[PDB]
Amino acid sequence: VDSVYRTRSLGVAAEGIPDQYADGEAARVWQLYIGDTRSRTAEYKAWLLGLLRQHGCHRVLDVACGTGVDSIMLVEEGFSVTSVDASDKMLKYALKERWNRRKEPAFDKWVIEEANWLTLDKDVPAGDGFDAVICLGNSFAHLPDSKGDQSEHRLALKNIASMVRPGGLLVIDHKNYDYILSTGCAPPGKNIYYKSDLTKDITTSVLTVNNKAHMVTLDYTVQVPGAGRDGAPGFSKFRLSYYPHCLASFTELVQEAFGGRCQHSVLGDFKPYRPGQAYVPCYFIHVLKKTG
């Protein structure tokens, strides 16, 4: 036959040698990428803090921690936060931050942990619920639909919802895939959350299995500052995929997660959304309120 011998198994680490793909060209630009979004937007900060304060939230759970840039702000703003994520490569940056400022009492009380949406109920002790559960940055769209039926989407949505205490809040969002799906393109640097100081080009690939949109793959071509010769920049790339969530479908899913027992409202970008409005938002934000 034609066997294939491997030095070490995929997923195994060894002392003294960098992990498997921690050094590729793609991993390098990606790190530059995830660091280009920390400069929070004034609109964003004002909006989120106002919604939380207007509802008297103190206990909040960030279920899309990432590098922790959203949770750090809350921690600073005085909230009592527990941040979780399923990615270790991203958590690592958050853990680094908590250790550095471990001297500030608020950062000592910051709880960062590992968890999955699919098993959230068993990875995090809900207690009696969290005043507010957040999932911003279009992070829910990272979860693909392997089974064909959005069952996994529902299991995760149900798990996340269950972390909200009655009267509590769930602030979850998604990019406007209605526009991207009909347009076939995802505009670069439109983030309402963090002003990106990195230049990039985006190639959008949409995959339609039978007549159903199944995936939107984005190929980022990041211009890196001084990688060319005489100061000129270089250009490297990486790819990331998302599930194309449309407002109507999503609106249905998130409500079904609350058993219908909830108060739902969707924001345009940060301002109210009304169907047919002249304004085409880049992100749709759903703030739900566990009625029961």
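Residue positions are given as counts along the sequence shown, with the first one as 1.
Visitor: Quick one: say whether 184-192 or 156-164 has the higher mean Cα B-factor in the deposited entry.
Guide: Higher of the two, by average CA B-factor, is 184-192.
Visitor: Please compare 86-94 with 113-121 and name the stretch with the higher mean C-alpha B-factor in the deposited structure.
Guide: The entry gives the higher C-alpha B-factor average to 113-121.
Visitor: Checking the entry, which one of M73, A126, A141, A106 has the top C-alpha B factor?
Guide: Among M73, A126, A141, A106, the PDB entry lists the largest C-alpha B-factor for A126.
Visitor: When you compare the CA B-factors of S241, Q263, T251, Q31 as listed in the entry, which one comes out on top?
Guide: Of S241, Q263, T251, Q31, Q263 has the highest C-alpha B-factor.
Visitor: Which third of the chain does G66 land in by C-alpha B-factor: lowest, middle or highest?
Guide: As the PDB entry reports it, the C-alpha B-factor of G66 lands in the lowest third of its chain.
Visitor: Among all modelled residues of this chain, ranked by Cα B factor, put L48 in the bottom, middle or top third, i.e. lowest, middle or highest.
Guide: Lowest third, going by the recorded CA B-factors of the chain.
Visitor: Please rank the C-alpha B-factors of the chain's modelled residues and tell me whether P18 sits in the lowest, middle or highest third.
Guide: According to the entry, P18 has a C-alpha B-factor in the chain's lowest third.
Visitor: Consider only the C-alpha atoms of the modelled residues in this chain, order them by B-factor as the entry records it, and name the third containing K147: lowest, middle or highest.
Guide: Its C-alpha B-factor belongs to the highest third of this chain's values.
Visitor: Hey, what third does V12 fall into on Cα B-factor, ranked over its chain?
Guide: Lowest third - that is where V12 ends up once the chain's C-alpha B-factors are sorted.
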